Amino acid sequence: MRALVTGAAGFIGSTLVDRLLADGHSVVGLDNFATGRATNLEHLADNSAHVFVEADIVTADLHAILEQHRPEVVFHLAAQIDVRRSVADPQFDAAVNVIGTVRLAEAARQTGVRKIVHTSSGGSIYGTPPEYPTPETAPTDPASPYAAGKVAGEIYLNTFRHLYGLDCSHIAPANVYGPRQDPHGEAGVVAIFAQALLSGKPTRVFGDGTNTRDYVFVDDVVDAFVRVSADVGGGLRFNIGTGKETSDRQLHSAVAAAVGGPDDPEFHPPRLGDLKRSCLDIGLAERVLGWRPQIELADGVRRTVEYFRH
Amino acid sequence: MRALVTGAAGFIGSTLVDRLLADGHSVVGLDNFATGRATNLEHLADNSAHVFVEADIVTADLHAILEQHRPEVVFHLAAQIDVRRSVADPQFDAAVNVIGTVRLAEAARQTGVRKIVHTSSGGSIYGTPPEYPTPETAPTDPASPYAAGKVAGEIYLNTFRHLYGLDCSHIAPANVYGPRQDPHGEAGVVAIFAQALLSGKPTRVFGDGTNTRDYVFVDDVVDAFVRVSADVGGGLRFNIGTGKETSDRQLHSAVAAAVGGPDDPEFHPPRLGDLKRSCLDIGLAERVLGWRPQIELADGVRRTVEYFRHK
Ligand SMILES: NC(=O)c1ccc[n+]([C@@H]2O[C@H](COP(=O)([O-])OP(=O)(O)OC[C@H]3O[C@@H](n4cnc5c(N)ncnc54)[C@H](O)[C@@H]3O)[C@@H](O)[C@H]2O)c1
Ligand SMILES: NC(=O)c1ccc[n+]([C@@H]2O[C@H](COP(=O)([O-])OP(=O)(O)OC[C@H]3O[C@@H](n4cnc5c(N)ncnc54)[C@H](O)[C@@H]3O)[C@@H](O)[C@H]2O)c1
Ligand SMILES: O=c1ccn([C@@H]2O[C@H](COP(=O)(O)OP(=O)(O)O[C@H]3O[C@H](CO)[C@@H](O)[C@H](O)[C@H]3O)[C@@H](O)[C@H]2O)c(=O)[nH]1
Ligand SMILES: O=c1ccn([C@@H]2O[C@H](COP(=O)(O)OP(=O)(O)O[C@H]3O[C@H](CO)[C@H](O)[C@H](O)[C@H]3O)[C@@H](O)[C@H]2O)c(=O)[nH]1
């Protein structure tokens with residue numbers, strides 16, 4: 001296929017690019033380096049099947065870009081990804097995550113694109129749900145601007161599906177981790193911990209450390225994107241996770257055991273906008289797509305740490 | 001109370017300003033006249049309980065405005081209202097209806113506002129539901145960017161409610177008609193029919209003319225806004241309509257009757273983005289707010305046609 005990946009310079013995006021190239025596709029990567037890194041893509045300098053476009057989804061001529069490259073599938077991973085930043089500046093988050101997605105859809109529907117694979121946020125869109133693990137049938141109830149924008153993005157793509165037959169599916173991952181996740185942010189706890197613990201720098205958990213997330217390895221998530229790119233699951237969201245809860249404190253212990261050295265995080269005040277629990281029911285992805293996660297947390301943590309050691 | 005009304009120079013907005021003033025409130029109006037009209041507010045020039053601020057919700061310093069005026073309730077009616085325009089320029093529609101709403105919420109949560117009453121679109125957000133009349137429990141399924149953005153605004157306001165305890169309710173009207181609806185507007189079939197049939201100018205219906213809407217009189221809609229502004233229905237949407245369906249063809253006949261002339265529209269092709277049926281279950285509003293619509297279509301059309309004759 002001819003693929004285009006927005007957010008290609010990012011953690012998941014760069015990993016998806018690699019997988020798509022490995023499967024023999026041609027890939028256009030698109031990014032503005034808001035949070036992405038050139039180092040994530042530098043190994044591709046001499047890869048014959050990849051081309052990079054530096055562009056802001058909010059302001060670039062996406063019509064002209066899509067007209068030139070004519071991708072069959074757009075994997076839409078460009079976004080403002082930090083929940084706390086979305087609280088600090090909800091307008092900016094909405095511009096990137098809602099307006100950006102709208103502009104992309106409007107360009108795609110005019111340029112013969114078959115399908116947009118959206119990245120929603122399985123970990124946050126349900127807010128405090130009726131049950132854990134949470135199925136896609138549960139109502140969305142976002143409690144951060146980030147979560148709200150991801151839902152809105154789903155709704156807009158569904159609308160473009162009705163209007164124009166521009167197909168879409170929503171990949172809704174839980175908490176993604178693994179190599180290339182930026183170690184120097186406030187989001188990406190696994191990378192934050194690994195980097196800090198390897199460097200002997202201080203680490204922290206928030207509140208009482210009991211918050212849970214569902215940690216799913218990047219390679220597994222990438223496989224979900226590939227499967228859903230076909231003519232399957234039009235208009236549908238798929239939760240992509242493990243269906244297992246790990247507390248902040250337990251996560252810290254796992255990373256420290258992998259690094260070696262102390263397991264003694266500081267405790268900081270709770271962060272407004274952060275949910276207490278997150279756990280995804282992944283039955284739908286299993287049946288429809290034949291998707292199952294391969295990498296258990298212990299294995300994933302080892303691989304991640306080992307990646308940061310070098 | 002101190003109230004602020006966005007979209008105050010518009011059809012429903014200006015009517016709401018009047019009601020709030022009549023009830024003894026102070027009212028700040030806000031508008032950028034994208035679609036609004038100076039004539040809608042001109043009678044208020046000397047009313048000291050009313051202040052008007054010209055402002056674009058997309059770019060204006062809404063924080064500074066709300067800080068100055070300190071409204072207890074914001075009635076948010078400012079929006080891009082035309083479904084066809086939303087299809088033609090989804091980005092612009094999203095900028096006004098989504099970004100605009102987000103900026104207002106962000107400003108309001110910082111400036112002591114108690115509640116934002118949002119205006120959704122009961123008529124469009126449900127798409128093609130299996131239930132008519134459609135209850136609020138029916139999943140949203142927008143088929144136009146306009147409808148999508150309306151849902152998006154609801155969700156964002158629900159989010160600010162979780163985050164900050166900034167209360168919200170979503171008034172979701174069906175098809176609103178009555179005095180002050182722009183006769184030369186691209187939208188607003190009742191006004192469009194009255195303006196044309198009064199001018200003896202051509203009229204038209206889309207498809208085969210069988211598409212239905214739920215026609216609710218502006219005064220009834222305004223009353224719902226008032227009722228929901230209290231500490232009630234937090235994070236809930238309220239369908240505001242009559243729960244009765246009128247086909248495009250039937251409405252033409254009903255306006256034609258009021259005007260008195262011929263009942264003979266042209267039939268033009270369906271418009272991309274338009275739904276085939278719309279009808280709201282108004283039970284929740286009755287149970288929770290005590291709200292019921294007073295004005296039947298015949299009475300409302302007569303009052304409207306009469307307004308147009310007076311000019
Ligand atoms: N990491 C997770 O746990 C997780 C789980 C659920 C959802 N997601 C979603 O997955 C996607 C990838 O996130 P990630 O973890 O790889 O983070 P990331 O920051 O590494 O990737 C996001 C990429 O989008 C780019 N981007 C941001 N704004 C842009 C704009 N205006 N124009 C162009 N590019 C822009 C960034 O520069 C970056 O390269 C995002 O949509 C995110 O919301 C992430
Ligand atoms: N009329 C209906 O049948 C109906 C039904 C359901 C929903 N609504 C909603 O009711 C509200 C009022 O609509 P109306 O029928 O009075 O139409 P209208 O066009 O008369 O009123 C909308 C007003 O918003 C103003 N506005 C638009 N963009 C703005 C911006 N960026 N900044 C500031 N002001 C801006 C316009 O100038 C106008 O005065 C809207 O939110 C609309 O979507 C209308
Ligand atoms: O130094 C740190 C950083 C984080 N955490 C905890 O780790 C968890 C995860 O936090 P973070 O890595 O910031 O991710 P989330 O805010 O949960 O969101 C991530 O996962 C979502 C899906 O659930 C995606 O949508 C988002 O883009 C992505 O940033 C939380 O419980 C935090 O309290 C710590 O204990 N210490
Ligand atoms: O000349 C015309 C114009 C319209 N119609 C019909 O009248 C009905 C109503 O159309 P409008 O354009 O008046 O309104 P919409 O149903 O498109 O309503 C939309 O536009 C409104 C603005 O007036 C609100 O914003 C509302 O929320 C939004 O869904 C439709 O079935 C349409 O086919 C005609 O028969 N003849």
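As deposited, the entry is annotated with X-ray crystallography as its determination method and 1.9500 Å as its resolution.

### As for the site of ligand 3
Residue and element names in this part refer to chain A. Within the structure, ligand 3 sits among 23 residues, and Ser121, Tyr146, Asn175, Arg204 and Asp248 are positioned closest to it. In the environment of ligand 3, an oxygen atom lies 3.0 Å from a nitrogen or oxygen atom belonging to the backbone of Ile81. In the environment of ligand 3, an oxygen atom lies 2.6 Å from a nitrogen or oxygen atom belonging to the side chain of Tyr146. Taken by itself ligand 3 offers 700 Å² of open surface, and the protein chains cover 92% of this.

### Some details on the site of ligand 4
Residue and element names in this part refer to chain B. Contacts to ligand 4 come from 19 residues, most closely from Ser121, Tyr146, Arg204, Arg213 and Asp248. In the environment of ligand 4, an oxygen atom lies 2.9 Å from a nitrogen or oxygen atom belonging to the backbone of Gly188. Within the backbone of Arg204, one N or O atom sits 2.9 Å away from a nitrogen atom of ligand 4. Counting residues per element, the ones that place at least two in the shell around ligand 4 are helix 3 (83-88), helix 6 (189-199) and strand 8 (204-206).

### Focus on the domain arrangement of chain A
All names here are of chain A. Domain boundaries assigned for chain A yield domain 1 (1-177 + 214-241) and domain 2 (178-213 + 242-310). Taken over C-alpha atoms, the centre of domain 1 sits 22 Å from the centre of domain 2. In this assembly, 46 residues from domain 1 lie in contact with 45 residues from domain 2. Taking both partners together, domain 1 and domain 2 bury about 3,800 Å²; carbon and sulfur atoms supply 60% of that area. Among the residues of domain 1 in contact with domain 2, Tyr177, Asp214 and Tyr215 are the three that bury the most area, contributing 21% of the side total. Scanning the region where domain 1 abuts domain 2 turns up two salt bridges. Residue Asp18 is joined to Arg180 by a salt bridge in which the shortest nitrogen-to-oxygen separation is 2.8 Å.

### A few points about the sheet that holds strand 5 (residues 115-119) of chain B
In sheet architecture, strand pairing relies on hydrogen bonds along the backbone and comes in two forms, parallel and antiparallel. All names here are of chain B. Pairing is parallel across the open sheet formed by seven strands, whose spatial order is 3-2-1-4-5-6-11. Each edge of the open sheet is held by one strand with a lone partner, namely strand 3 (50-54) and strand 11 (237-240). Strand-to-strand, the axes of this sheet are offset by a mean angle of 20 degrees, without reference to chain direction. Sheet topology places strand 1 (residues 2-6) next to strand 4 (residues 73-76); four bridges connect them, and they run parallel. If you follow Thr6 over to strand 4, its bridge partner there is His76. Helix-sheet contacts for helix 1 (residues 11-22) involve strand 1, strand 2 (26-31), strand 3 and strand 4, and the interaxial angle to strand 1 is about 170 degrees.

Here is what the cut-offs are and how they apply
- Residues numbered from 1 in each chain as written, not as in the entry; some residues may be left out.
- Chains lettered and ligands numbered in written order.
- Heavy atoms only, no water.
- Residues with missing side-chain atoms left out of burial classes, pairs and counts.
- Near = heavy atom within 4 Å.
- Polar contact = N/O pair within 3.5 Å; in protein donor to acceptor, adjacent residues only side chain to side chain.
- Areas by Shrake-Rupley, 256 points an atom, 1.4 Å probe, with all protein chains shown as cover.
- Helix = DSSP H or I, 4+ residues; strand = E, 2+ residues; numbered from the N terminus.
- Domains from an automatic or database assignment.
- Contact = heavy atoms within 4.5 Å.
- Buried area = accessible area lost by both parts, 1.4 Å probe.
- Salt bridge = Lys/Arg side-chain N within 4 Å of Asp/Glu carboxyl O.
- Pairing = 2+ DSSP bridges.
- Axes fitted to C-alpha atoms, helices over the stretch in contact; angles between N-to-C directions.

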